[PDB]
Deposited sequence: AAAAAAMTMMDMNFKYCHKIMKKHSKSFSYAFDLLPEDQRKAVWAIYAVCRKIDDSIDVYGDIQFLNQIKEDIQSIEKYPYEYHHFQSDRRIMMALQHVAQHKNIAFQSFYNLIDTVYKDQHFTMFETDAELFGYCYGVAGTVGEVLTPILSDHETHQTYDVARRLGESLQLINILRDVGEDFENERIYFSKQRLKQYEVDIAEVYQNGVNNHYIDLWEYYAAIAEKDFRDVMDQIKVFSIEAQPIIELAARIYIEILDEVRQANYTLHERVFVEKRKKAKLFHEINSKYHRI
């Protein structure tokens, strides 16, 4: 166990801590690719939770790395991750701009006001997850064209959207609603009310209307999975398929707003089999 290794293993710990689904999937990659993904997840995880002196530190470390990839830096933030990322950046191409978007997006959240329109919601989704998918693109593809970044973005955005959908109650508890004012009003939904009195027909419909957007985006990515390298395809199929499965979970929980639903490891394993079986 070198020193890099320990850094990467911390990264890995973080990812497995916070995303049982993506770990499950992405741990099935070649060693080189799965390490890179650990580093990037961790950096992003670190920014998402960073909340404000830490976040500028993380931005500064990343600017360092981008300017002078092959210098030693005294990282202000988390040194274990920045080394792991710096190591990646030496061998692979990192969309630094996408990190800066995510960072920007996370600033703006300290004064979160509700989105006026779906457009704003989809634009948050980009900043929060579309950005991640872009950062990962060079890792999961042999040759990176515009439609490679496009797909991975679309996947990223839809997964974030599936997040929102699972997390509706929890998010309300933390004084956040991600459904847009225009869509709430059109569908006649008061999220405060549903939280108290259970679900109804108007909620289900709004929730089902977003769900439709996700499933559709998921399908659109499956039919373009080829843009990713051959080892990564079934991995990315898996990750996505597990995450759509989250939607049927919420349905069986009757769209509850008083627990995180989950896809038990056995189901995860079932799906790896279905997907693996046709590769």
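Absence of C-alpha coordinates is noted for several segments of the deposited sequence, namely 1-6, 58-62, 291-293.
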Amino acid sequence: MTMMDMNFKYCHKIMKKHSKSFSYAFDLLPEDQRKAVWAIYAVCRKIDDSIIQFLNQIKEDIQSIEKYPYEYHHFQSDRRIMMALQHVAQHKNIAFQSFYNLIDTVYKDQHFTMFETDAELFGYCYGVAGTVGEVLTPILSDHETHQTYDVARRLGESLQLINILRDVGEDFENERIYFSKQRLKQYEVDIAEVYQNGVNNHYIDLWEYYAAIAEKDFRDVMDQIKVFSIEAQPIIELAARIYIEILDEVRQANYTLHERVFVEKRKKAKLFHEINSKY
From here on, numbers count along this sequence of modelled residues.
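For the pair 189-197 and 125-133, the mean Cα B-factor is higher in 189-197. Look at the mean CA B-factor for 250-258 and for 36-44 in the entry; the higher one is 250-258. For the set 208, 150, 167, 173, the PDB entry puts the maximum C-alpha B factor at 173. In the deposited entry, the Cα temperature factor of residue 64 sits in the middle third of values across the chain's modelled residues. Residue 233: CA B factor in the lowest third of modelled residues in this chain (values from the PDB entry).
In this PDB entry, residue 80 carries a Cα temperature factor that places it within the middle third of its chain's modelled residues.
In this PDB entry, the Cα temperature factor of residue 109 sits in the top third of its chain's modelled residues, the highest group.
Per-chain ranking of the deposited C-alpha B factor places residue 184 in the highest third.
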